[PDB]
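This document opens with one chain alone, in structure tokens, the form solved without the named molecule.
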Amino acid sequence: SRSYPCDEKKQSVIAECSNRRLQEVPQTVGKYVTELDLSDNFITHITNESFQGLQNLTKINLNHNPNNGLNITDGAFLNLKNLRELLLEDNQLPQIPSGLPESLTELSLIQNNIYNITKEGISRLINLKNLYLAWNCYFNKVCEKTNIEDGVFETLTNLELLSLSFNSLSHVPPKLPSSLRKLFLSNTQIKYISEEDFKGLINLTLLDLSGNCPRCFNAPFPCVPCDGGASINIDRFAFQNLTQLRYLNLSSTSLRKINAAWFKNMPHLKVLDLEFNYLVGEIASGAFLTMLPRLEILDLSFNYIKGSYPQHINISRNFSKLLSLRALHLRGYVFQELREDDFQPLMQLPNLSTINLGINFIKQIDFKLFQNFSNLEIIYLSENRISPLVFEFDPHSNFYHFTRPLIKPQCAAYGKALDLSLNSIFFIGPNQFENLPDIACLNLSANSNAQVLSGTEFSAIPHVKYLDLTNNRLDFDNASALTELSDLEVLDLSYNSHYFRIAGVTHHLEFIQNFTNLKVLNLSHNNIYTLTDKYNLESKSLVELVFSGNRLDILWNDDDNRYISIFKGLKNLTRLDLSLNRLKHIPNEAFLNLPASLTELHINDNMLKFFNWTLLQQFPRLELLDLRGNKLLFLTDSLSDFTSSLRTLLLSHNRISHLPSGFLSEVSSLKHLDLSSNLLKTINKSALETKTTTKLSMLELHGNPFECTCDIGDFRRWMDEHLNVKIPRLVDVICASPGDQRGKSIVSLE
């Protein structure tokens, strides 16, 4: 039987049951399911009958029920003897639920209203490994200080991760187990760390003390400093027996002085986070740095002195002792000029590959200095002032910075990367890139550049392979633009509409043909509608063209023949994106002039009232056809005559009200047909009557206004007989009529 209301799969056997507007635990969950995701529903009661039929359950996710809190009886879960992981986040629970199964290894109660951690709630959960209680009382929420019963955690002798961040604690809890590997005490209003607080935790590898005595100036949240904005006070012997520490987080602890003796017995420390402190003085002196010869990542971001814009950054000679350093983050220091000598102390560090100076309002850099480093791989300078050379917070993320790569992994994969995005290099003059390493990945996005590139600007870094020029005002008025970069493989010119949008200025895209290695070109959002002299794009190498957000409705206007072969000269093209081009119809001859090598064609989010399915005959390699978001009415009845390659056909958000006799099971090759959000009232006997067989494995139908009379029987019957063809989200495959069926699944009817 086709499972309902959950979607299932085998991975442990997972029941996807999230976000289906369920009002209670469905009683119809499969008895082989090991993992049950019921998150984001409208469930209000959990009782001992809620999971009665499901003792193979090892993982239950009830996060965010309902969307006025979640009501859980004493020992509602007690009979699930195999339950290991119970997620109850964001449920407005007033208490730890009573009578939780002793088999629990993972319990998350993040984002609730729990101000009392009790022996009765917890001390019997002796198998706990990971306990999350964070974000229960914080900011300006109306809540109580957290009462932690003396010794509530001491019985949990296999506990490896304890998180109590974003609660009011005032003190580190006594009687923590020595099994701890990771202790999260961020934003807990603890002012003082004594010798006793951590003395027993010889297995700790991570300690997070960030946000206690925070630095509150310009904070993007409600922020309460320690009296007189004082530092956190950490006893000299506080970290004495923390010999296995790898991660230390002291962001926003208002630190002015770092005690070198803190690091004495921490030979393995790998990642040290010191953001949002007052360490300008310490960065210039930094005795503690001599204690950290294994440190790989040091984050000193946002240590700026309120109100100062000094000329230069001052880095201690002691940075030269950070022998293992791989990345240094120095965002938000704030300074005017970077000179070669200012970074002398970093230049011999053999593994320093990332230097991050984002958001420093830097006006001038002595570029030649970077090449004197051993080998930088990522020279991140985004969001400065370089100019021509002359609940709101994700509880499961990092709070103090974004976790994403600095440079797009696709670009950094080519080699050495320089990101000068979000500056003011509004004009690249003859000497701008002198004395740089062999840059492979260059980001010049959002530099207000309005120049006419002409074939010489990048001559001093001629091996750039991935060039990001997005979001400038580039004037493409010279056929030699960018031709100096003969290794260029990826070129992104997105959002340079400034001059293209003006009909009366000239526009030249002829340089595209000059590249022998160009694979991917992005011309998106350029409002391209007129070119000068040469009307066609030509490349013998190009594999992918993104032409979304242009004016193909104008270029292919029925009265104009000039752009009828605009893409034909792209002899190697396999992927073409023509979304967002306002197209009502594509002239037959223009469609036939698309590259016959295409395997993937997107024409989604236009206004197509017409598609000539017959022309698919000229595309024997076409596998994916994306026509989502149009106004199409008519499906051909003879698709198998027109293609034997097409594997995925996407037609959601159209106006199809009729599937033709023997439509699906038209093409052997068709695996995925998406017909969601169309105007289907019914699917007939004959529309699926084609046999045999179907390679069809997915058919999406949600969002159609189905008429649920006996006329739905043949499709319902079809569904039972083709359990191999997955129909997702049956909860949303809904009857629009008649009145008494309105709102029900089509699957729920006699």
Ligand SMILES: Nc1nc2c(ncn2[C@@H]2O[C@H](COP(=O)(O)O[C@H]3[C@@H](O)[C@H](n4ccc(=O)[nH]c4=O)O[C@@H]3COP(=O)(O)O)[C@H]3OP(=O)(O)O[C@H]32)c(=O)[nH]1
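Each residue number is its position in the shown sequence, starting from 1.
Below, we turn to the form deposited with the named molecule bound, even though it does not appear here.
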Sort through 647, 628, 609, 326 and report the residue having a heavy atom within 4.5 Å of the named molecule in the entry with it bound.
-> 326
Could you spot which one of 676, 301, 189, 112 gets a heavy atom to within 4.5 Å of the named molecule in the entry with it bound?
-> 301
Based on heavy atom distances of at most 4.5 Å to the named molecule in the entry with it bound, which listed stretch, 266-274, 650-658, 676-684, 558-566, is the contact stretch?
-> 266-274
Would residue 637 count as a contact of the named molecule in the entry with it bound, using a 4.5 angstroms cut-off between non-hydrogen atoms?
-> no
Is residue 247 close to the named molecule in the entry with it bound, meaning a heavy atom pair under 4.5 Å apart or at it?
-> yes
Answer for residue 356 alone: is it within 4.5 Å of the named molecule in the entry with it bound, judged on heavy atom distances?
-> yes
Though only this chain appears here, would residue 401 touch the named molecule in the entry with it bound if you measure heavy atom gaps against 4.5 Å?
-> yes
